[PDB]
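Undergrad: Here come the first chain(s), positioned as in the complex:
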Amino acid sequence: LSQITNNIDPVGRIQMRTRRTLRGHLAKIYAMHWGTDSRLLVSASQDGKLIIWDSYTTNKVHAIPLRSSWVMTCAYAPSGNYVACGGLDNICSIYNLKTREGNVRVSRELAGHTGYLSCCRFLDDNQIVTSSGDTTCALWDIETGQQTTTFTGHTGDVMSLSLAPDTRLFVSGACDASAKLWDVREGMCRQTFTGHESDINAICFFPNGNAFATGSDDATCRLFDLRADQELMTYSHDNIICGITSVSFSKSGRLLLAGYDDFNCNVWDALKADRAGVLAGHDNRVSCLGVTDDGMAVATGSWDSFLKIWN
């Protein structure tokens, strides 16, 4: 891709300052998802809490005490009515933000899994996909409590998941180094992607919904195409060898944000595969990052318990 997309002039050096800082947690933060209003963001951590911040005023609009402390993921429904969280307890608990009693409360504990839940994403207010620890993904219906469409077929355990913007399909990644493009309505996998040496830890759709990047423990981000069924680009660079914990695109797609375990996040020009900028805020592993759907701000959480919001 770099031989084609080198005629476009480069983005220049990107300098961003920590426009906010969301303190309060007492452990490693593992997840963060924006809202579709681009103002509220939820963020979960190993201290038993997940906290629904207001990104503009740095106010904590909620803090939800969880029944088991071990929490790997969170997702924020596009209505704003629901949140979700799941970890080693094998239960993707679901919380109702918009109650009349004024407080959040657990709606359903979704059980029936023989592994830890790696990731959850909301389709609608009634449909939620997850990514488990028994090498399978699933799709739950919250009203019944029964798993609708179980996705079996990986050999090593699955590690991430990324719904498309139009939410008809999604992509999940695993320890097989095989990203698979499942399909929500029919219920079978369509495409399987290889090209990583070892386990993959992070998947994010391109904003058109027709591609996705993949962050792995091999210090390689690799953007794949779903139509062309093969690897497209290998965003990697010398002198760095550590793992990648989270990836996310920009709104246009021009800059992709990669979260390394050199303790700082790097900002990759998605067309020339150049490290375009360095986000050197954190003092431990950047475990989650996310970009607003409006494309204005980029929040990044990490294991030093500090959500920084860059712009």
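TA: Nice, thanks for sending it over. Numbers count the residues shown, from 1 in each chain, chains lettered A, B, ... in the order given.

Undergrad: List the buried residues in stretch A:4-17.
TA: The neighbour-count check on stretch A:4-17 (16 or more other Cβ atoms under 10 Å) flags A:11, A:16 as buried. For every residue, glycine as well, the C-beta is placed using N, CA and C.

Undergrad: That one: end-to-end distance?
TA: In stretch A:4-17, first residue to last residue: 32 Å (Cα to Cα, to the nearest Å).

Undergrad: How far does it sit from its chain's centre?
TA: For stretch A:4-17, the distance from its own C-alpha centre to the chain's C-alpha centre is 24 Å (Cα atoms, centre = their mean, to the nearest Å).

Undergrad: Run through who's touching that stretch.
TA: A:254-255, A:267, A:269, A:271-272, A:274, A:276-277, A:279, A:298, A:310-311 (Cβ atoms under 8 Å, 6 or more residues apart in numbering).

Undergrad: Stretch A:228-243 too?
TA: Taking Cβ under 8 Å, 6+ apart as the rule, stretch A:228-243 contacts A:1-2, A:191, A:193, A:195, A:201, A:211, A:213, A:216-225, A:256, A:258, A:260-262, A:266, A:268, A:270, A:273, A:275.

Undergrad: with the structure above as the base, add chain B:
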Amino acid sequence: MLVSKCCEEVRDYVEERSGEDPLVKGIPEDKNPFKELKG
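TA: Let me put chain B in with the others:
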């Protein structure tokens, strides 16, 4: 399945969307919601 056409699609999509993108274009800091306004 013709990877050159597909990466060209990614290229024309982003170069269509690159201008109005509020992060690669940048901020004018007065339309920024993350002006601090504090003391």
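
Undergrad: Once more for the buried residues of stretch A:4-17, now including chain B?
TA: A:5, A:11, A:14, A:16 (16 or more other Cβ atoms under 10 Å in any protein chain shown).

Undergrad: Please apply the same query to stretch A:264-279.
TA: A:264-274, A:276-277, A:279.

Undergrad: can you count the residues close to residue A:64?
TA: 21 (other Cβ atoms under 10 Å in any protein chain shown).

Undergrad: again with residue A:117
TA: 27.

Undergrad: Residue B:38 now?
TA: Residues lying near residue B:38 (other Cβ under 10 Å) number 6.

Undergrad: which SSE is it in?
TA: Using DSSP states H and E, residue B:38 falls within no helix or strand.

Undergrad: Tell me who's in contact with residue 36.
TA: With no chain named, the answer covers chain A. A:76, A:78, A:79, A:80, A:293 (Cβ atoms under 8 Å, 6 or more residues apart in numbering or on different chains).

Undergrad: should've been chain B
TA: So residue B:36 contacts residue A:19 (Cβ under 8 Å, 6+ apart).

Undergrad: please redo it, this time with the cut-off set to 10 Å
TA: Contacts for residue B:36 (Cβ atoms under 10 Å, 6 or more residues apart in numbering or on different chains) come out as A:19, A:20, A:58.

Undergrad: extra chain here, label it chain C:
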Amino acid sequence: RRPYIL
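TA: Below is chain C, added to the chains above:
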């Protein structure tokens, strides 16, 4: 006789 020393 005051010492200036400090």
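
Undergrad: ok chain C is loaded, check the contacts of residue A:36 again?
TA: Residue A:36 touches A:76, A:77, A:78, A:79, A:80, A:122, A:292, A:293, A:294, counting by Cβ under 10 Å, 6+ apart.

Undergrad: Then residue A:23?
TA: Contacts of residue A:23 (Cβ under 10 Å, 6+ apart): A:58, A:305, A:306, A:307.

Undergrad: From residue A:58, how far out is it?
TA: 9 Å (Cβ to Cβ, to the nearest Å).

Undergrad: Kindly report the same for residue A:114.
TA: For residue A:114, the distance to residue A:58 - Cβ to Cβ - is 40 Å.

Undergrad: Can I have the buried ones of the contacts of residue A:36 as a ChimeraX selection?
TA: To isolate the buried members of the contacts of residue A:36 in ChimeraX, using 16+ other Cβ under 10 Å:
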select /A:76,77,78,80,122,292
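
Undergrad: I'd like to know which of the contacts of residue A:36 are part of strands.
TA: A:76, A:122 (DSSP state E).

Undergrad: Between all of the contacts of residue A:36, which two are separated the most?
TA: For the contacts of residue A:36, the farthest-apart pair by Cβ to Cβ is A:122 and A:294; their separation is 18.5 Å.

Undergrad: circling back to that earlier point, out of the contacts of residue A:23, who's the most crowded?
TA: Neighbour tally across the contacts of residue A:23 (other Cβ under 10 Å): the maximum, 28 neighbours, falls on residue A:307.
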